[PDB]
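Text of the file start_39.pdb, holding PDB, C-alpha atoms:
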```pdb
MODEL        1
ATOM      1  CA  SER A   1      37.268 -28.924 -46.008  1.00  0.00           C
ATOM      2  CA  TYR A   2      37.102 -30.401 -42.502  1.00  0.00           C
ATOM      3  CA  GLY A   3      37.908 -34.077 -41.994  1.00  0.00           C
ATOM      4  CA  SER A   4      39.364 -34.158 -45.517  1.00  0.00           C
ATOM      5  CA  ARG A   5      41.462 -31.065 -44.788  1.00  0.00           C
ATOM      6  CA  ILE A   6      42.841 -32.904 -41.750  1.00  0.00           C
ATOM      7  CA  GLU A   7      44.032 -35.852 -43.822  1.00  0.00           C
ATOM      8  CA  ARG A   8      45.833 -33.542 -46.258  1.00  0.00           C
ATOM      9  CA  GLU A   9      47.518 -31.950 -43.235  1.00  0.00           C
ATOM     10  CA  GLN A  10      48.492 -35.287 -41.701  1.00  0.00           C
ATOM     11  CA  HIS A  11      49.951 -36.593 -44.941  1.00  0.00           C
ATOM     12  CA  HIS A  12      51.883 -33.352 -45.404  1.00  0.00           C
ATOM     13  CA  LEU A  13      53.190 -33.762 -41.849  1.00  0.00           C
ATOM     14  CA  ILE A  14      54.342 -37.320 -42.635  1.00  0.00           C
ATOM     15  CA  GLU A  15      56.027 -36.240 -45.877  1.00  0.00           C
ATOM     16  CA  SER A  16      57.644 -33.273 -44.091  1.00  0.00           C
ATOM     17  CA  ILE A  17      59.151 -35.603 -41.482  1.00  0.00           C
ATOM     18  CA  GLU A  18      60.238 -38.102 -44.121  1.00  0.00           C
ATOM     19  CA  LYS A  19      61.976 -35.524 -46.355  1.00  0.00           C
ATOM     20  CA  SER A  20      63.680 -33.621 -43.538  1.00  0.00           C
ATOM     21  CA  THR A  21      64.932 -36.683 -41.668  1.00  0.00           C
ATOM     22  CA  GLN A  22      66.241 -38.169 -44.912  1.00  0.00           C
ATOM     23  CA  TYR A  23      68.118 -34.921 -45.621  1.00  0.00           C
ATOM     24  CA  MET A  24      69.527 -34.782 -42.095  1.00  0.00           C
ATOM     25  CA  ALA A  25      70.341 -38.506 -41.915  1.00  0.00           C
ATOM     26  CA  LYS A  26      72.492 -38.299 -45.071  1.00  0.00           C
ATOM     27  CA  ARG A  27      74.496 -35.412 -43.542  1.00  0.00           C
ATOM     28  CA  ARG A  28      74.531 -36.904 -40.012  1.00  0.00           C
ATOM     29  CA  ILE A  29      72.694 -33.878 -38.600  1.00  0.00           C
ATOM     30  CA  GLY A  30      71.129 -34.779 -35.259  1.00  0.00           C
ATOM     31  CA  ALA A  31      67.415 -34.120 -34.921  1.00  0.00           C
ATOM     32  CA  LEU A  32      64.626 -34.645 -32.408  1.00  0.00           C
ATOM     33  CA  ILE A  33      61.002 -34.151 -33.474  1.00  0.00           C
ATOM     34  CA  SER A  34      58.091 -34.886 -31.158  1.00  0.00           C
ATOM     35  CA  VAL A  35      54.540 -34.909 -32.527  1.00  0.00           C
ATOM     36  CA  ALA A  36      51.919 -34.315 -29.842  1.00  0.00           C
ATOM     37  CA  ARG A  37      48.782 -36.433 -29.975  1.00  0.00           C
ATOM     38  CA  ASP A  38      46.107 -36.690 -27.262  1.00  0.00           C
ATOM     39  CA  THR A  39      48.402 -35.901 -24.300  1.00  0.00           C
ATOM     40  CA  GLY A  40      49.045 -32.169 -24.111  1.00  0.00           C
ATOM     41  CA  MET A  41      52.676 -31.099 -24.348  1.00  0.00           C
ATOM     42  CA  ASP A  42      52.259 -27.387 -23.674  1.00  0.00           C
ATOM     43  CA  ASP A  43      54.573 -27.723 -20.678  1.00  0.00           C
ATOM     44  CA  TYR A  44      57.424 -28.842 -22.916  1.00  0.00           C
ATOM     45  CA  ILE A  45      56.515 -26.371 -25.679  1.00  0.00           C
ATOM     46  CA  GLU A  46      56.982 -23.571 -23.118  1.00  0.00           C
ATOM     47  CA  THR A  47      60.661 -24.580 -22.670  1.00  0.00           C
ATOM     48  CA  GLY A  48      61.428 -23.946 -26.346  1.00  0.00           C
ATOM     49  CA  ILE A  49      61.574 -20.961 -28.666  1.00  0.00           C
ATOM     50  CA  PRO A  50      58.052 -20.296 -30.013  1.00  0.00           C
ATOM     51  CA  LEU A  51      57.697 -20.632 -33.784  1.00  0.00           C
ATOM     52  CA  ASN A  52      53.981 -21.341 -34.331  1.00  0.00           C
ATOM     53  CA  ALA A  53      54.989 -22.066 -37.914  1.00  0.00           C
ATOM     54  CA  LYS A  54      53.646 -23.884 -40.942  1.00  0.00           C
ATOM     55  CA  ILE A  55      55.036 -27.397 -41.183  1.00  0.00           C
ATOM     56  CA  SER A  56      57.492 -27.903 -44.047  1.00  0.00           C
ATOM     57  CA  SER A  57      60.476 -30.155 -44.674  1.00  0.00           C
ATOM     58  CA  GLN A  58      62.535 -27.030 -45.385  1.00  0.00           C
ATOM     59  CA  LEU A  59      61.831 -25.368 -42.034  1.00  0.00           C
ATOM     60  CA  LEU A  60      62.484 -28.611 -40.150  1.00  0.00           C
ATOM     61  CA  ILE A  61      65.883 -28.886 -41.882  1.00  0.00           C
ATOM     62  CA  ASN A  62      66.788 -25.244 -41.244  1.00  0.00           C
ATOM     63  CA  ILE A  63      65.923 -25.612 -37.535  1.00  0.00           C
ATOM     64  CA  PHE A  64      68.403 -28.412 -36.843  1.00  0.00           C
ATOM     65  CA  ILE A  65      71.442 -27.002 -38.664  1.00  0.00           C
ATOM     66  CA  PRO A  66      74.249 -27.335 -36.077  1.00  0.00           C
ATOM     67  CA  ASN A  67      75.421 -24.394 -33.960  1.00  0.00           C
ATOM     68  CA  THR A  68      72.368 -22.297 -34.830  1.00  0.00           C
ATOM     69  CA  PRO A  69      69.908 -20.536 -32.498  1.00  0.00           C
ATOM     70  CA  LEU A  70      67.089 -23.105 -32.931  1.00  0.00           C
ATOM     71  CA  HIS A  71      69.001 -26.414 -33.036  1.00  0.00           C
ATOM     72  CA  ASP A  72      69.761 -27.204 -29.378  1.00  0.00           C
ATOM     73  CA  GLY A  73      66.830 -29.377 -28.399  1.00  0.00           C
ATOM     74  CA  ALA A  74      63.571 -30.767 -29.699  1.00  0.00           C
ATOM     75  CA  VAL A  75      61.040 -29.532 -32.210  1.00  0.00           C
ATOM     76  CA  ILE A  76      57.483 -30.065 -30.945  1.00  0.00           C
ATOM     77  CA  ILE A  77      54.649 -30.237 -33.498  1.00  0.00           C
ATOM     78  CA  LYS A  78      51.164 -29.495 -32.168  1.00  0.00           C
ATOM     79  CA  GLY A  79      48.054 -29.732 -34.264  1.00  0.00           C
ATOM     80  CA  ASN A  80      49.162 -28.437 -37.628  1.00  0.00           C
ATOM     81  CA  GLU A  81      52.036 -26.202 -36.524  1.00  0.00           C
ATOM     82  CA  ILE A  82      55.668 -26.396 -35.591  1.00  0.00           C
ATOM     83  CA  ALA A  83      55.003 -25.042 -32.100  1.00  0.00           C
ATOM     84  CA  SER A  84      58.513 -24.659 -30.723  1.00  0.00           C
ATOM     85  CA  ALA A  85      62.148 -25.484 -31.357  1.00  0.00           C
ATOM     86  CA  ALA A  86      65.035 -26.067 -28.936  1.00  0.00           C
ATOM     87  CA  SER A  87      62.554 -27.563 -26.454  1.00  0.00           C
ATOM     88  CA  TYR A  88      63.379 -29.745 -23.488  1.00  0.00           C
ATOM     89  CA  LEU A  89      62.137 -33.323 -23.325  1.00  0.00           C
ATOM     90  CA  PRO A  90      62.504 -35.382 -20.135  1.00  0.00           C
ATOM     91  CA  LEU A  91      65.256 -37.975 -20.078  1.00  0.00           C
ATOM     92  CA  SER A  92      64.235 -41.594 -19.534  1.00  0.00           C
ATOM     93  CA  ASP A  93      65.902 -43.264 -16.561  1.00  0.00           C
ATOM     94  CA  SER A  94      65.665 -46.636 -18.328  1.00  0.00           C
ATOM     95  CA  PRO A  95      68.776 -48.825 -18.008  1.00  0.00           C
ATOM     96  CA  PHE A  96      67.464 -50.818 -20.963  1.00  0.00           C
ATOM     97  CA  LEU A  97      68.328 -48.070 -23.436  1.00  0.00           C
ATOM     98  CA  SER A  98      71.610 -48.967 -25.116  1.00  0.00           C
ATOM     99  CA  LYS A  99      74.586 -46.998 -23.827  1.00  0.00           C
ATOM    100  CA  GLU A 100      75.643 -46.313 -27.421  1.00  0.00           C
ATOM    101  CA  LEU A 101      72.548 -44.135 -27.932  1.00  0.00           C
ATOM    102  CA  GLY A 102      72.867 -40.495 -26.911  1.00  0.00           C
ATOM    103  CA  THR A 103      70.780 -37.845 -25.183  1.00  0.00           C
ATOM    104  CA  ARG A 104      68.438 -37.412 -28.162  1.00  0.00           C
ATOM    105  CA  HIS A 105      67.351 -41.042 -27.878  1.00  0.00           C
ATOM    106  CA  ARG A 106      67.046 -40.861 -24.085  1.00  0.00           C
ATOM    107  CA  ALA A 107      64.929 -37.704 -24.369  1.00  0.00           C
ATOM    108  CA  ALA A 108      62.713 -39.253 -27.053  1.00  0.00           C
ATOM    109  CA  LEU A 109      62.267 -42.310 -24.838  1.00  0.00           C
ATOM    110  CA  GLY A 110      61.555 -40.093 -21.824  1.00  0.00           C
ATOM    111  CA  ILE A 111      58.747 -38.125 -23.467  1.00  0.00           C
ATOM    112  CA  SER A 112      57.321 -41.374 -24.858  1.00  0.00           C
ATOM    113  CA  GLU A 113      56.942 -42.730 -21.298  1.00  0.00           C
ATOM    114  CA  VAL A 114      54.720 -39.870 -20.075  1.00  0.00           C
ATOM    115  CA  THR A 115      52.835 -38.935 -23.268  1.00  0.00           C
ATOM    116  CA  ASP A 116      51.236 -40.617 -26.255  1.00  0.00           C
ATOM    117  CA  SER A 117      53.425 -38.590 -28.594  1.00  0.00           C
ATOM    118  CA  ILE A 118      55.365 -39.967 -31.560  1.00  0.00           C
ATOM    119  CA  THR A 119      58.992 -38.848 -31.483  1.00  0.00           C
ATOM    120  CA  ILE A 120      61.543 -39.200 -34.299  1.00  0.00           C
ATOM    121  CA  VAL A 121      65.308 -39.093 -33.761  1.00  0.00           C
ATOM    122  CA  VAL A 122      68.111 -38.655 -36.272  1.00  0.00           C
ATOM    123  CA  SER A 123      71.434 -39.808 -34.831  1.00  0.00           C
ATOM    124  CA  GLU A 124      74.283 -37.411 -35.454  1.00  0.00           C
ATOM    125  CA  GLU A 125      76.705 -40.298 -34.908  1.00  0.00           C
ATOM    126  CA  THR A 126      75.269 -42.842 -37.380  1.00  0.00           C
ATOM    127  CA  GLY A 127      72.556 -41.085 -39.383  1.00  0.00           C
ATOM    128  CA  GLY A 128      70.180 -43.795 -38.214  1.00  0.00           C
ATOM    129  CA  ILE A 129      66.553 -42.803 -37.750  1.00  0.00           C
ATOM    130  CA  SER A 130      64.746 -43.998 -34.637  1.00  0.00           C
ATOM    131  CA  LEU A 131      61.226 -43.595 -33.287  1.00  0.00           C
ATOM    132  CA  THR A 132      59.763 -43.750 -29.774  1.00  0.00           C
ATOM    133  CA  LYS A 133      56.182 -44.451 -28.726  1.00  0.00           C
ATOM    134  CA  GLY A 134      54.707 -45.606 -25.409  1.00  0.00           C
ATOM    135  CA  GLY A 135      58.056 -46.238 -23.765  1.00  0.00           C
ATOM    136  CA  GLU A 136      59.379 -48.339 -26.659  1.00  0.00           C
ATOM    137  CA  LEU A 137      62.175 -47.640 -29.124  1.00  0.00           C
ATOM    138  CA  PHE A 138      62.207 -48.496 -32.819  1.00  0.00           C
ATOM    139  CA  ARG A 139      65.918 -48.298 -33.572  1.00  0.00           C
ATOM    140  CA  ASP A 140      67.487 -47.498 -36.965  1.00  0.00           C
ATOM    141  CA  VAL A 141      64.323 -47.966 -39.036  1.00  0.00           C
ATOM    142  CA  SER A 142      64.300 -48.216 -42.804  1.00  0.00           C
ATOM    143  CA  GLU A 143      62.552 -45.612 -44.937  1.00  0.00           C
ATOM    144  CA  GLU A 144      59.760 -48.119 -45.567  1.00  0.00           C
ATOM    145  CA  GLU A 145      59.422 -48.922 -41.862  1.00  0.00           C
ATOM    146  CA  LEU A 146      59.331 -45.247 -40.854  1.00  0.00           C
ATOM    147  CA  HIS A 147      56.699 -44.588 -43.532  1.00  0.00           C
ATOM    148  CA  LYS A 148      54.386 -47.362 -42.299  1.00  0.00           C
ATOM    149  CA  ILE A 149      54.686 -46.321 -38.651  1.00  0.00           C
ATOM    150  CA  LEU A 150      54.017 -42.654 -39.379  1.00  0.00           C
ATOM    151  CA  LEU A 151      51.005 -43.615 -41.504  1.00  0.00           C
ATOM    152  CA  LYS A 152      49.643 -45.877 -38.781  1.00  0.00           C
ATOM    153  CA  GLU A 153      50.216 -43.402 -35.979  1.00  0.00           C
ATOM    154  CA  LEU A 154      49.625 -39.939 -37.501  1.00  0.00           C
ATOM    155  CA  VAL A 155      46.805 -40.547 -40.019  1.00  0.00           C
ATOM    156  CA  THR A 156      43.536 -40.945 -38.107  1.00  0.00           C
TER     157      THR A 156
ENDMDL
END
```
Output the file's structure as structure tokens, nothing else.
Amino acid sequence: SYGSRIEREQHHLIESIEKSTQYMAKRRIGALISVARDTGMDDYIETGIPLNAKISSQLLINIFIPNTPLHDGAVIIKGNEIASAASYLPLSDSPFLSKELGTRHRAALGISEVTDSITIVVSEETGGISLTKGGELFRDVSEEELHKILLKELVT
């Protein structure tokens, strides 16, 4: 299993993001998940706590539980692993980002301006799910909309 093993991994990654963000959105647990693609993110992985862990919805949920050792920052997914938790992501300086969106959104926008990553945000204030890519924000997406974007962008 080579190319076909990859697709099973990518679809499991999508499902893992969908299940965990749905769980966290319902409970208004803030989350920040950046999926590396072609642009290396080892610099930002080094700022976090190394996990090098199998991807699962359960582990993603456990990471972001508030006031816990792994929650205070971003999860970065690299290849087929959860590489790090509590990672830094650079804050966008954009004045176009709505002032009602917090640091998670600004950090997701920031990494999206200097990498080709796909970053998913769960708002702890609204439960809304947002995505950043290439300096753009997809704000408060539906489950269907998130699904289509993750399929387009993570299944190659």
Exercise. Determine the residue set returned by the PyMOL selection byres ((chain A and resi 37) around 10) for the present structure, and present it as number ranges by chain.
Key: A: 34-36, 38-41, 77-79, 115-118, 153-154
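Using all atoms listed in the file for every distance, the candidate list A:33, A:74, A:55, A:25 yields A:55 as the residue closest to residue 9 of chain A.
Distances from A:86, A:155, A:97, A:111 to residue 67 of chain A were compared using all atoms listed in the file, and the smallest one belongs to A:86.
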Kindly list the centre and edge lengths in Å, rounded to one decimal, for the axis-aligned box that covers all listed atoms of segment 29-40 of chain A plus 4 Å on each of its six sides, as AutoDock Vina command-line options.
```
--center_x 59.4 --center_y -34.4 --center_z -31.4 --size_x 34.6 --size_y 12.5 --size_z 22.5
```
Quiz item: Which one of A:121, A:68, A:80, A:58 sits closest to residue 6 of chain A if you count only C-alpha atoms?
Solution: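 Nearest candidate to residue 6 of chain A out of A:121, A:68, A:80, A:58: A:80.
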Quiz item: Of the candidates A:13, A:83, A:51, A:18, which one gets nearest to residue 141 of chain A if we count only C-alpha atoms?
Solution: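 Ranking A:13, A:83, A:51, A:18 by distance to residue 141 of chain A, first place goes to A:18.
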Practice problem: Would you kindly return, as a VMD selection string, each protein, DNA or RNA residue with an atom no farther than 12 Å from any atom of residue 94 of chain A, considering all atoms listed in the file and excluding same-chain residues fewer than 3 positions away? | Solution: chain A and resid 90 to 91 97 to 99 105 to 110 112 to 113 135 to 137
Quiz item: Do you know which residues the PyMOL selection byres ((chain A and resi 62) around 12) returns on this file, as a list in words?
Solution: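 Expected selection for the PyMOL selection byres ((chain A and resi 62) around 12) here is residues 20, 21, 23, 24, 29, 31, 55, 56, 57, 58, 59, 60, 61, 63, 64, 65, 66, 67, 68, 69, 70, 71, 75 and 85 of chain A.
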Exercise. For atom CA of residue 134 of chain A and atom CA of residue 81 of chain A, quote the distance in Å rounded to one decimal.
Key: 22.5 Å
Quiz item: Could you state the separation of atom CA of residue 44 of chain A and atom CA of residue 149 of chain A in Å, given to one decimal place?
Solution: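 Distance reported for this atom pair: 23.7 Å.
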Quiz item: Restricting the calculation to only C-alpha atoms, which member of A:16, A:42, A:119, A:47 is positioned closest to residue 138 of chain A?
Solution: A:119
Practice problem: Provide the atom CA of residue 12 of chain A to atom CA of residue 101 of chain A distance in Å, to one decimal place. | Solution: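 Here the two named atoms are 29.1 Å from each other.
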Quiz item: Can you list what the PyMOL selection byres ((chain A and resi 125) around 10) grabs from this structure, as a list in words?
Solution: residues 25, 28, 29, 30, 100, 101, 102, 122, 123, 124, 126, 127 and 128 of chain A
Exercise. Would you please work out which residue, of A:27, A:32, A:82, A:45, is nearest to residue 130 of chain A when using only C-alpha atoms?
Key: A:32
